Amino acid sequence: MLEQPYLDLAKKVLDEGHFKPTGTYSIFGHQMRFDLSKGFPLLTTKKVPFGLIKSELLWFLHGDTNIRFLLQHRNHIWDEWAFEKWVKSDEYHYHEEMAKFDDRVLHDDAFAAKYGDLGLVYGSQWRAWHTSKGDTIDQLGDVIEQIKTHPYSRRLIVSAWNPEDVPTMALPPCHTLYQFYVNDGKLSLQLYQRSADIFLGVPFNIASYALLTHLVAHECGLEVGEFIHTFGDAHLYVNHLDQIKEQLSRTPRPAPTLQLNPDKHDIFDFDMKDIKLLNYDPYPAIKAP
């Protein structure tokens, strides 16, 4: 099954992973491949929230780094490092005061501008990379225009890694770099992910980059190829061992098939209703830690 590469990697970190200081069990250099013409790679062995994947992709793809967009969509994925940026502030005076942040940010323009904005997160690196001259570059923009024009280039690349920012910045991007490849009709993407939580993050990571490859294949009139997911250090926390173990006890079902609106073509102007997941039938979600 399509999601078998995920289960193999969790199995392998479990058996031959290495310990390091709660600490981890990790492995360096693993790859997973997913033929996206055989379905969509949302895990069935565990329920994965696709509208959270969906919204946090479109957020990046607008070049947006403000939390408001994500909260206007009932997605609370990125809120922590925003909340984090209002408490270490000049202004500041959990579970409920975090509901505070969200109506204030949600409704107050001069508040959403200070504390909504995470700054150096993916929407900027993808769509507004800051240059020496203080201009800004849309690399993903440039790249897609390149796919259409020069589908065979070996330069179809998007980096989220800024050697100037990464010493200073809050969270150095785990989704370090990606590359496109075209070949007789079909668009493949490969991702270099420098660091991966196999239990919590990886199941989302795959869905975002599979969705990203479909969306981009859509805009350029192409059918979809492989999504290849390459790791530096893929690791298990030592307090997610039974959860993943239990998840290993389950038996994948047919993969869902994704559906994209057949005459909207620029993914930068996409909203929810434009992407549909068909026949997703998962085993239940697992709480942790």
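In this text, residue numbers run from 1 along the sequence as written. Think of the rigid core as the biggest set of C-alphas that the two forms share within 1.5 Å after superposition.
- In 4 other deposited structures of this protein, superposed by the rigid core, the C-alpha atoms of 83 to 91 lie farther from the shown form than the other of 83 to 91 and 123 to 131.
- Counting the deposited residues that fall between residue 21 and residue 22 and carry no coordinates gives a value of 4 to 9.
- Per the record, residue 93 and residue 94 are separated by a gap of 10 or more residues from the deposited sequence that were not modelled.
- Mean CA B-factor, 239 to 247 versus 55 to 63: the higher value falls on 239 to 247.
- For the segment pair 135 to 143 and 100 to 108, the entry gives 100 to 108 the higher mean B-factor, averaged over Cα atoms.
- Ranking 115, 181, 122, 178 by Cα temperature factor from the entry places 115 first.
- The PDB entry gives the largest Cα B-factor of the residues 262, 41, 232, 225 to 262.
- Ranked by Cα temperature factor within the chain, residue 189 sits in the lowest third according to the deposited record.
- Ranked within its chain, residue 126 lands in the lowest third, by CA B factor from the PDB record.
- The entry lists a Cα temperature factor for residue 75 that places it in the highest third of the chain's modelled residues.
- When all modelled residues of the chain are sorted by CA temperature factor, residue 219 is found within the middle third.
- Sorting the modelled residues of the chain by their CA temperature factor places residue 1 in the middle third.
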